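K.L.:
this block holds the first chain(s) of the complex, placed as they are in the complex; more will follow:
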Amino acid sequence: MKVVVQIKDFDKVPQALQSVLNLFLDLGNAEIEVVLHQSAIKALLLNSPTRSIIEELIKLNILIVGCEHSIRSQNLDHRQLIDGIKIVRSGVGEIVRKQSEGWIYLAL
Amino acid sequence: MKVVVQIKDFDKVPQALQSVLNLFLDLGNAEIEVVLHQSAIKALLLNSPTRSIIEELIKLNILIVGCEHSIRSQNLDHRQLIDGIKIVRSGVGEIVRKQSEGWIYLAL
Amino acid sequence: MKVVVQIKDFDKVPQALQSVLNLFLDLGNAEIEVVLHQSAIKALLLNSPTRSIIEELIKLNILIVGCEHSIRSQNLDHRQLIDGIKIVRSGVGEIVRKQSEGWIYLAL
Amino acid sequence: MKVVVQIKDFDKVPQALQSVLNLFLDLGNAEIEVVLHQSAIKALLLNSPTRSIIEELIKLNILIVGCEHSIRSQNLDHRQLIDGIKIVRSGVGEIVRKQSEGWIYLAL
Amino acid sequence: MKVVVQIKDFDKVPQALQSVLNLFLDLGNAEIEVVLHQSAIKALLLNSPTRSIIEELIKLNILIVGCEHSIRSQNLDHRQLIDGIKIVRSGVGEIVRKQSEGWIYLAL
Amino acid sequence: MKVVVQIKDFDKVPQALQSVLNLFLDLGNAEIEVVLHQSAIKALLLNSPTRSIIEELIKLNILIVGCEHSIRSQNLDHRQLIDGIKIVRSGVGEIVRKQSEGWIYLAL
C-alpha cells in the first residue's frame, strides 16, 4: 500500500507524526513517503523538537522528504537538516507526481 | 460520487462541517464518509458544540466515523460519543484504504 | 499535468500562494486551478494583501476560483472581488469534481 | 440647519452613525452631509458591517460622502463602495469648504 | 466668550476635563457648556473616577450636560448620575444648536 | 482660506498630519495653523517619529503650535521640542480664539 503523506503546518507536526505512526502501525507493509513543506520544513532541523520522532520513522523505513523551495524560503541550510533526509525540488510537485504513480494521498 | 472526507483540527470542525454540507448540497447522490481524527475527535462527544450539525449530517445519510487511536489518545470513552457513530482502528488507515477503493479524498 | 489546488485557511494564504508558484515553476506545462473556500475566500478581495500575488498567478495562466458558498458566509459581494476571478457554487464540490475528471489534488 | 459631520476613526463608526441618527432625530429638517476619511472610509465598503445603517441614513436623505485621498490610501476601488455614495477629492477640504458656506461642524 | 465643549470618548475624559480646566483658566469670563455623549456619558455616574473633577467644574460655574440618547444606550438611570447634571434629548443636537446660537465649538 | 486645525490624540497624529497634507494640497493658498494639545503634544518632541513630517509642514509654511498646558502636564521641556515650534498658553483657548477671528475649525 503506497501512501504519499503531506505535512505543511509546523504547529501540527507533532500530531501529524503521530498520525504517520498510526498509519504505519495499522497498514501492514505500508510504503510511506512523508513530504514536508511550507513551515513544516522546520521540523527537519537538527535541533527540532520532533527529531527523535522523525528518526524513529526513519528506523521504521519510512522515507522522510523535505521541500527545497521551502528550505530556501525558511532560510535554512542543508547542513542544518537531520542526516538521512532526502530533498526534492518541490514538495507539492513530489506530492502530485507520487500520486500520478499510484500513491495514495494523505494530508496531515 | 464517492468522497472520503478528512477532519483533523478541532478548531476548524465548524467550518469543516459546513463544507461537508456544501459538498452534499452540490454533488447529487454523493456518497460521503467523514473521518475525524487527532483533536477533531472531540467533536463527536455527546456534549459537543457541533452535535446538532453532526446529527443533521447523519440525517442526510452521511457516514460519520471516529478514529479509535484518537479516541484513546484524547482519553475519551465510547460511552461519551454521539450515538450512531462508527469507529475504525485508524482514521488515517481508513482514509488511505477508502481512497484505494476509489473514494475521492477531501481534506478539511 | 492537471492539478486542482485547495486553499481553505486565510492565515496560510501567503504560504499557499508561494507553494502554487513553486508548483508552477517545478512542473512544466502544469494546468492549475486554485479553489479558495472557507476563510481563504477573503484573499480574493480587491483590497487583499495578496492581490498582487494572485494577479501574478493569473498572468501565469493559472485559474483562480472562489467558492460562492464561502463568499456568502463571509458576507462578501462579487463587486468586492478581484476582476477575472471565476466562481463556483461550491468550492468542495469543484475540488471533488475536478478530481473525478483526473485532476491531481493538492491541499494547501 | 446645515451640519457638516466628520467621521475619521473606523473603530468609532458605529457610534458615530448612531450619533448622526440622534442628530437627525433631534433637529427638525436638518440638512446633513457626512464626510468619511482616513480609516473610516472602510465603512463605505459594500461588505461593511455598518452598511445597513449607512443605507438607512441615505433613506433619511442624508448625504454620505467619502474622501478620494482616503479611498486611495486604503487601496480601495470605487467598485467596492456602497452604491449612491458621493466622493470628494479631499474629505478635509470638503469639511472646511462646507463650513465656509455656513455649515455647522460636528466631529464624530 | 461662549464655548460649547464636546466629549465623546470615555477613555479620554480625564484629559478632556483637564483641557476644560485649561480653557477656563485661560479665557477670562468664559461661558462654558460641556456636553458628554456616546461612552463619555459614563463619566457622569455617581461612582465615576472623575466625579471630583466634574464637581470642581460645577463649582467653577461650568454647565455640565449629559446626552439622554447616550444615557439610554448605556443602560444608565438618571438616579445614577451626579446631582446637578443637566440632560438634553441629544448631545449632538445640543452641540449643533449651541453653535447656531454663536457658541464656539471645541471637540475634546 | 483660514483653517485652524486641532490634533489631540497622540495615537492618531500620523493620520492627522497626512490629513493636513491633504488639506494643503487641496485648498489653494490655504492659511493653516495646527494646534497640538493633550497627548498629541508629544509629537512635537525632537525625537518624535513624525518629526520629518512636521518639518515638511513647516517647509510648506504651515504654522505648528503646541499647547503650554499640555507641555507642562506631559512633563516636557521646551528644550525638547522641535525648533521653530510656536507655543500658546492654551491649545483650546487658541482654537476658540482663532475661530472667533474667522478661522475654519477642523478637528483631527
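P.N.:
That came through, no problem. Numbers count the residues shown, from 1 in each chain, chains lettered A, B, ... in the order given.
K.L.:
for chain A, just list every one of the strands.
P.N.:
Using DSSP state E, the strands found in chain A span residues A:2-7, A:31-36, A:63-67, A:86-88, A:104-107.
K.L.:
say whether chain C is contacted by the longest helix seen in chain A.
P.N.:
Assignment by DSSP state H gives helix A:13-26 as the longest helix of chain A. No: interface with chain C: helix A:13-26 contributes nothing (Cβ under 8 Å from any Cβ of the partner chain), its closest point being 12.8 Å away. Just so you know, the C-beta spots here come from the backbone N, C-alpha and C atoms, and that holds for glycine as well.
K.L.:
may I have that helix as PDB, with CA atoms only?
P.N.:
C-alpha atoms of helix A:13-26 as PDB (Å, rounded to 0.1, in the frame of the first residue of the first chain):
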ATOM      1  CA  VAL A  13       3.800  18.400  13.000                       C
ATOM      2  CA  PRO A  14       3.700  16.600  16.400                       C
ATOM      3  CA  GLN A  15       0.200  15.300  15.700                       C
ATOM      4  CA  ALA A  16       1.000  14.600  12.000                       C
ATOM      5  CA  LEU A  17       3.900  12.500  13.000                       C
ATOM      6  CA  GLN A  18       1.800  10.500  15.400                       C
ATOM      7  CA  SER A  19      -0.700  10.000  12.600                       C
ATOM      8  CA  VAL A  20       2.100   8.600  10.400                       C
ATOM      9  CA  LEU A  21       3.000   6.300  13.300                       C
ATOM     10  CA  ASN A  22      -0.700   5.300  13.400                       C
ATOM     11  CA  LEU A  23      -0.700   4.700   9.600                       C
ATOM     12  CA  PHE A  24       2.400   2.500   9.800                       C
ATOM     13  CA  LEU A  25       1.000   0.500  12.700                       C
ATOM     14  CA  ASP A  26      -2.300   0.000  11.000                       C
END
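K.L.:
does residue A:33 touch residue A:7 like I think?
P.N.:
No: taking contacts as Cβ atoms under 8 Å, residue A:33 lies outside contact range of residue A:7: 11.3 Å.
K.L.:
let me see the contact set for the residue in chain A that chain D sits nearest to.
P.N.:
Nearest to chain D, among the residues of chain A, is residue A:73, at 25.4 Å (Cβ to the nearest Cβ). Residues in contact with residue A:73 (Cβ atoms under 8 Å, 6 or more residues apart in numbering or on different chains) are residue C:18.
K.L.:
include chain G as well:
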Amino acid sequence: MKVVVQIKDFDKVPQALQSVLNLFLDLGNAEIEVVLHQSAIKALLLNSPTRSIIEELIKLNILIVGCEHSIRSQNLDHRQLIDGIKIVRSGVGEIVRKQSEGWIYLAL
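P.N.:
Chain G now in position relative to the chains above:
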C-alpha cells in the same frame, strides 16, 4: 575606590540608579562614573522619569556620562539631555578604557 558603572537597559534604569546610590552609600569616598548606552540613554532626557534621581547623583558628585553613539541611534539631540551630562564618543569604549585605567567595573 574607582568604579566605572554600566547601565544599558532602559527598563532597568530605576533599579540601576538605586544600586548606584547603594554603592555610594556603602563605599566611602567612592569615585563613580556612570556610563549609559543603548536604550538606557533615554534616562538622560530632560523629561526623563528618573531625572530627579540622576540630578541627586550629580549632587553627590557622581559623574554621569552618556554615549554619543547611543544618543544618535535613539535620534536624540544634546539639547534634549539633562544639563551637566558629559558625553563620550562610545559608551563601551569609555567602559573599557576606564577599566584599563584601574577602574572597577560594575554592570547594572
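K.L.:
please see if the longest helix of chain A touches chain B.
P.N.:
Yes: Helix A:13-26 lies within reach of chain B by Cβ under 8 Å from any Cβ, at A:15, A:18-20, A:22-23, A:25-26.
K.L.:
phi, psi of the residue of chain A found nearest chain G?
P.N.:
Residue nearest to chain G within chain A: residue A:75 (26.1 Å; Cβ to the nearest Cβ). The phi and psi values for residue A:75, taken as degrees, to the nearest 10, are phi 50, psi 40.
K.L.:
now it: how far from chain B?
P.N.:
According to Cβ to the nearest Cβ, to the nearest Å, residue A:75 and chain B sit 27 Å apart.
K.L.:
can you count the residues close to that residue?
P.N.:
7 (other Cβ atoms under 10 Å in any protein chain shown).
K.L.:
re the thing from before, relative to strand A:31-36, how tilted is the longest helix of chain A?
P.N.:
170 degrees (axes from the mean of the first three to the mean of the last three Cα atoms, to 10 degrees).
K.L.:
may I see the buried residues of helix A:13-26?
P.N.:
For helix A:13-26, a neighbour-count test (16 or more other Cβ atoms under 10 Å in any protein chain shown) marks A:13, A:15-24, A:26 as buried.
K.L.:
can you put those in CSV and add distance to residue G:94?
P.N.:
Below are those laid out as CSV (distance: Cβ to Cβ, whole Å):
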residue, distance to residue G:94
A:13, 49
A:15, 54
A:16, 54
A:17, 53
A:18, 56
A:19, 59
A:20, 58
A:21, 59
A:22, 62
A:23, 63
A:24, 63
A:26, 68
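K.L.:
tell me the residue furthest from the middle of chain A?
P.N.:
Most distant from the centre of chain A: residue A:28, at 19.5 Å, with distances by Cα atoms, centre = their mean.
K.L.:
which bits of chain A sit near chain F?
P.N.:
Residues of chain A lying near chain F (Cβ under 8 Å from any Cβ): none found.
K.L.:
which residues does residue A:93 contact?
P.N.:
So residue A:93 contacts C:22-23, C:26-27 (Cβ under 8 Å, 6+ apart).
K.L.:
hmm, try it at 10 Å
P.N.:
Shown in contact with residue A:93 (Cβ atoms under 10 Å, 6 or more residues apart in numbering or on different chains): A:35, A:37, A:67, A:69, C:1, C:3, C:19, C:22-27, C:30, C:106.
K.L.:
put chain H on too:
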Amino acid sequence: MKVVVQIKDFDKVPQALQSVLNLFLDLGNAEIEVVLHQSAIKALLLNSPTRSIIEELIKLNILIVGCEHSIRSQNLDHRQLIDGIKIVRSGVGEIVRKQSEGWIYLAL
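P.N.:
Chain H added:
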C-alpha cells in the same frame, strides 16, 4: 582561580546557577563566591524553587552571599533565608571589593 559571580535578575537565576555549575566543573580548584542582589535575592528564600541547586553549590564549597540592602528592599527576614547563607551590607560593594582583591568578575 578566584571568581566573584554576580546574579541580579530573579527570572534568570535558574540559568545563572547552571552557569556557576558549569564554571565549577570547568575550572579546577575554582574559588567561587556568588553574590545575589536586587530581585535575585528571592532565590535564597527557604521556599525558593532553586533551593536544592543552591544547596548543591554549597556542598561543592561555593560561597553563597546575599545582599542586605536587597533583603531589606524585598521585605525579607533573615529567618526566611536558606541556612548557611552569608550576608554582606551591599552586594555591589562586595562585588567591587572582591575585584579589587584580585577576584575575576562574572556577571550572570
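K.L.:
and the neighbour count of residue A:75, now that chain H is in?
P.N.:
7.
K.L.:
how close does the closest residue to residue A:108 other than its chain neighbours get to residue E:1?
P.N.:
Excluding its sequence neighbours, the residue lying closest to residue A:108 (Cβ to Cβ, 6 or more residues apart in numbering or on different chains) is residue A:16, at 3.8 Å. Separation of residue A:16 from residue E:1 (Cβ to Cβ, to the nearest Å): 72 Å.
K.L.:
please apply the same query to residue A:79.
P.N.:
In terms of Cβ to Cβ, residue A:79 sits 76 Å off from residue E:1.
K.L.:
so for the two, which residue has more residues nearby?
P.N.:
residue E:1 (15 against 6).
K.L.:
shouldn't the more buried one be in contact with residue F:92?
P.N.:
No: counting by Cβ atoms under 10 Å, residue E:1 sits too far from residue F:92 to count as a contact (11.3 Å).
K.L.:
hey, what's in contact with both of those two?
P.N.:
The contact lists of residue E:1 and residue F:92 share E:23, E:27, E:30, E:104, where a contact means Cβ under 10 Å, 6+ apart.
K.L.:
what's the closest of these to chain A?
P.N.:
For these, the nearest to chain A is residue E:23 (54.2 Å; Cβ to the nearest Cβ).
K.L.:
nearest spatial neighbour of that closest one, chain-adjacent residues omitted?
P.N.:
Residue E:23's closest residue in space is residue F:92 (Cβ to Cβ, 6+ apart), at 4.5 Å.
K.L.:
picking that back up, got a list of what the residue nearest to residue A:108 touches?
P.N.:
A:5-10, A:34, A:36, A:40, A:43, A:50, A:53, A:106-108, B:8, B:38, B:92.
K.L.:
again, only using 8 Å
P.N.:
Applying Cβ under 8 Å, 6+ apart, the residues contacting residue A:16 are A:5, A:7, A:9, A:40, A:108.
K.L.:
how far away is it from chain H?
P.N.:
From residue A:16 over to chain H (counting by Cβ to the nearest Cβ), the distance is 32 Å.
K.L.:
swap in residue A:90?
P.N.:
Residue A:90 is 42 Å from chain H, by Cβ to the nearest Cβ.
K.L.:
ok, and does stretch A:37-53 reach over to chain B?
P.N.:
No: using Cβ under 8 Å from any Cβ, stretch A:37-53 stays clear of chain B, coming no nearer than 14.0 Å.
K.L.:
ok, residues contacting that stretch?
P.N.:
Taking Cβ under 8 Å, 6+ apart as the rule, stretch A:37-53 contacts A:6-14, A:16-18, A:21, A:36, A:54, A:64, A:66-67, A:69-71, A:74, A:76, A:80-82, A:85, A:91-92, C:12, C:15-16, C:18-19, C:108.
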